[PDB]
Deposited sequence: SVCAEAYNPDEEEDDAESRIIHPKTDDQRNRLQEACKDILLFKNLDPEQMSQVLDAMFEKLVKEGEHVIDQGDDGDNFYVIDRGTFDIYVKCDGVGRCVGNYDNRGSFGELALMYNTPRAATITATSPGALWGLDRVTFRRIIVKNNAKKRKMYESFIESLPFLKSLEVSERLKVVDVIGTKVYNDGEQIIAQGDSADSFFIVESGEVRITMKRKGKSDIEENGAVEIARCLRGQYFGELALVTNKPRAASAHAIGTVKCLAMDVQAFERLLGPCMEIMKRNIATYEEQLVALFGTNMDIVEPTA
């Protein structure tokens, strides 16, 4: 079809568009064809400190990917809204409205001047939601066999795959580095992950994660930095998700985790 949306861009815009998108979990499973359709529909939108890019309750129009600038996340608790987190010069938001045809479930506002790459909902539903149909096949059984995910309404566990993204790693490849700031949760799908620990300089092995085992969740809960490095042992495939997604769907897991986290 030629009813596709296309926003002509300069070589520079595409370059930046490219950097901004390299790590967006929602694009991880798209073939080159699907990705280029997406990129063509991306439009640039500048923002200013204080600007309410999204207001809770509003209608879902676009999906956003951050090019730069800081942001704050706000939710209303009984009528009072609080900063429940934030984004820092990278990440994506505004997908829930388009995926589930529901009102914006939060408020996003620039906490400094920024820029964004938006994606209309027609394109988003046409390609990303289609993409989720594929991901569900591939990982529905698997995800539904992960013990730590028993504590979730049958319905909640369904929306999990909708926001995970597949990351491939070669042998010897670093997945996360101890110390670094954390913005993602991992779940080994295939291969093996070696977890090691070091000391203040420039390495003791402390665990091995196999298909079905998660890691990188400690720093998300303790709101602390990476407490250990992770490396791929041979080809590894992890099903990942950002913290916002983590806290949004995994709250019902923090217990069985916080407890089993004592085993650290």
Deposited seq positions with no alpha-carbon in the coordinates run 1 to 15, 218 to 224, 287 to 305
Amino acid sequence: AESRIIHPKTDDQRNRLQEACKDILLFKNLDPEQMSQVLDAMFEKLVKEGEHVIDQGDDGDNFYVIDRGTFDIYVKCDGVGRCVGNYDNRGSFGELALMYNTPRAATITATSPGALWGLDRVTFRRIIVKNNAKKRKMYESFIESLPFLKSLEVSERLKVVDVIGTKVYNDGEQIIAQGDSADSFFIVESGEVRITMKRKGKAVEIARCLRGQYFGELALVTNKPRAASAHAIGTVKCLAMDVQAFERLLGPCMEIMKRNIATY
From here on, numbers count along this sequence of modelled residues.
Mind pulling up the entry and telling me whether 9 to 17 or 250 to 258 has the higher mean Cα temperature factor?
250 to 258
Which is higher on mean Cα B factor in this entry, 123 to 131 or 81 to 89?
81 to 89
When you compare the CA B-factors of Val154, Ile175, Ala106, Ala97 as listed in the entry, which one comes out on top?
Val154
Tell me, please, which of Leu26, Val221, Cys238, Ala232 has the highest C-alpha B factor according to the deposited entry?
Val221
Within this chain, which third does the Cα B-factor at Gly118 fall in: lowest, middle or highest?
lowest
On the chain's distribution of Cα B-factors, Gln34 falls within the third called lowest
Looking at the temperature factor on the CA atom of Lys198, which third of the chain's modelled residues does it land in?
highest
Where does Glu140 sit by CA temperature factor within its chain: lowest, middle or highest third?
highest
Compared with the other modelled residues in the chain, in which third is the CA B-factor of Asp55?
middle
